[PDB]
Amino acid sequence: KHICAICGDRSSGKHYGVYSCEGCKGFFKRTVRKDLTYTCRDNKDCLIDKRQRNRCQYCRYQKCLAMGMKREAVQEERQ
């Protein structure tokens, strides 16, 4: 019984060195490969949970880092 360190949803295992869900793995993969920069609409303290995770992409990305997801663990696109 594993839980995503970032949103609290059930975790598959460790992805980019962190116990995470399939959604936070995907978001981080997308963010790093595409070198995406986000802006928080509110005051950069958005609640990141199973429900509200897709609301602020800034706070979700800052939480991935805070929970320690390594950007170096993301490889370049295959072909």
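Think of the rigid core as the biggest set of C-alphas that the two forms share within 1.5 Å after superposition. The first residue of the shown sequence is 1; numbering continues from there.
With the rigid core as the fit anchor, does 67-75 or 16-24 show bigger C-alpha shifts in 8 other deposited structures of this protein? Result of the core-fitted comparison in 8 other deposited structures of this protein: 67-75 deviates more.
Lowest, middle or highest third of the chain for the C-alpha temperature factor of residue 73? Tercile = highest for this residue's CA B-factor.
Looking at the temperature factor on the CA atom of residue 4, which third of the chain's modelled residues does it land in? It falls in the middle third of the chain.
According to the PDB entry, is the CA B factor of residue 44 in the bottom, middle or top third of its chain, that is, lowest, middle or highest? According to the entry, residue 44 has a C-alpha B-factor in the chain's middle third.
Is residue 29 in the lowest, middle or highest third of its chain when residues are ranked by C-alpha B-factor? It falls in the bottom third of the chain.
Select lowest, middle or highest to describe the third in which the CA B-factor of residue 14 falls within its chain in this entry. Middle third.
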